[PDB]
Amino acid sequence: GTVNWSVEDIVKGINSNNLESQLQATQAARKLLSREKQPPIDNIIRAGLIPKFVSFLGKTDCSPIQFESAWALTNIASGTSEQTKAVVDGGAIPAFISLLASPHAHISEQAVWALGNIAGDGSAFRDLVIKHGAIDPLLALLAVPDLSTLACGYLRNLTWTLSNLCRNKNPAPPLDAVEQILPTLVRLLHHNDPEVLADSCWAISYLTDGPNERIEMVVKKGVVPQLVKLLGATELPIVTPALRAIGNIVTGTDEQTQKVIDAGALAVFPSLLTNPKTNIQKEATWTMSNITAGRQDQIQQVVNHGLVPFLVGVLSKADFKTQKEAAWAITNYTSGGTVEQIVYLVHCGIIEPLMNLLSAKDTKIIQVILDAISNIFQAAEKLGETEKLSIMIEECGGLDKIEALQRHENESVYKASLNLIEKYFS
């Protein structure tokens, strides 16, 4: 019927002065742009159709042509930045915002999706969507006593569009808009649908990837207990952003980090540090490393939860990126920790896997390991057991690798290596 037209026919139809011919041609266009194999977005743009579609968005008397043009423009705006830009240059943003209040749920949903595609282009179009006033009507669509009365696809689309309004940096979203959105976001974070939960956690992680003041406005809403709960979930699509958000939050101040510890997060890390997905392991170790960079009572919480043997484990056998994060965690631990704590680190077995890692080619990991070794020796000199440790390192082959490192391309590497040998092995 409207299946498989040419751009030529679609143009003649749009250029007739017959609303029903126009509707037929607009549906033909939509069906060309909804096929799988490489829709002809550029052909459609070149024929001059965007302005017409945009004008059809305002035809209140013909809701079907509103729907078909909204869908066609959604699919054009899902393409390259140049194609999204063509949609924005046609005046589409204010017209989609007007459509957000349509009494037809499928037209409203299509408007939501199109605005999400436009904001997903980047910071400039995100901020332009916000300036035209989208947040107010978007949030009004969700202002119901119980989210569970909304249709599932509708709620998932609204959530994804909100998440894109919270996304990207340079700049981050305006602070007034973040405060407008957060309450609804926390509500969606307590919903029971897994796709709503995953996209809400993603939005929260976007907002916590910033300076401590963004982190603070998120933590003041009390989402951390719910994030820890989600950190426990079985669906990887929920654990992944929940762990990202927790990690972001612990890049902040010691008191924000403490809010995470007090919600129970550490109890989850035995699973996370042994997770079969490499990315979970790496992200959990990066989080651990930012926790061992905290205060001594926080390091002691790490110890009490039994996580040092898990760090020894990831350092012994893991993807090399995870191992580099584990080295960072060890160095932050030996920098900030008490003597009892560093002794404990050594009694758990850190030295041998730490030494095995000095055979690696990455220069910064080697530098970090040497800093950690320094910190450990310097805990030993406070106890006079420095000879026992020197022996321990000699016995697993570490001192061989340090000597070899004396002659390294990096300056500080050779400097630290020679210092170590001439200061503890003579």
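So that there is no doubt, residue numbering starts at 1 and follows the sequence shown.
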ask   = Looking only at CA atoms, which has the higher mean B factor in the entry: 54 to 62 or 365 to 373?
value = 365 to 373
ask   = Can you tell me which stretch has the higher mean Cα B-factor, 352 to 360 or 136 to 144?
value = 352 to 360
inquiry  = Among the modelled residues of this chain, does the Cα B factor of residue 18 put it in the lowest, middle or highest third?
reply    = middle
key: Modelled-residue ranking by C-alpha temperature factor, third containing residue 192   = highest
task = Using the B-factor values recorded in the entry, state whether the Cα atom of residue 200 falls in the lowest, middle or highest third among the modelled residues of its chain.
result = lowest
task = Place residue 174 in the lowest, middle or highest third of its chain's C-alpha B-factors, as listed in the PDB entry.
result = middle
query = Mind checking which third residue 74 falls in for C-alpha B-factor across the chain?
reply = lowest
